[PDB]
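Quick note on labels: first sequence line is chain A, next is B, and so on, each numbered from 1.
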Amino acid sequence: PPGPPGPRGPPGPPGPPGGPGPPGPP
Amino acid sequence: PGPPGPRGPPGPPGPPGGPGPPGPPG
Amino acid sequence: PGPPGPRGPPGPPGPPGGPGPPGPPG
């Protein structure tokens with residue numbers, strides 16, 4: 001029969017950097 | 001011996017990215 | 001029984017990071 005199911009793949013790579021912060025105070 | 005087992009599932013989503021750059025001057 | 005299946009593929013890229021730090025004062 002078929003062998004045991006394989007291991008789960010690796011976690012994906014880190015997401016991209018976030019957007020820019022809000023503008024500073026007036 | 002039988003054929004190789006079914007392939008494992010895909011990994012989970014990666015970790016979130018880092019924070020974005022500093023915002024613009026007020 | 002056959003050999004265990006191959007490891008799954010890498011997961012999706014992680015989510016985008018958070019917002020950056022607030023910008024400097026006007």
Side-chain angles (χ1 to χ4, degrees):
Chain A
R8 185 173 74 204
Chain B
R7 185 173 307 269
Chain C
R7 189 175 186 189

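Between C/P16 and B/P16, the shortest heavy-atom contact is O-CB, 4.4 Å. Annotation for B/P21 and A/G18: closest pair CD-O, 3.8 Å, computed over non-hydrogen atoms. The two residues A/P2 and C/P1 make their nearest non-hydrogen contact at O-CB, 4.3 Å. In this structure, A/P7 and C/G5 approach most closely via the heavy-atom pair CD-O, 3.7 Å. Heavy-atom minimum distance, A/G12 versus B/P15: O-CD, 3.6 Å.
The number of heavy atoms from other shown groups lying within 6.0 Å of CZ (C/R7) is above 12.
Scored by the side-chain contact (heavy atoms from CB on, under 4.5 Å) test, A/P4 finds C/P4 as partners (sequence neighbours excluded).
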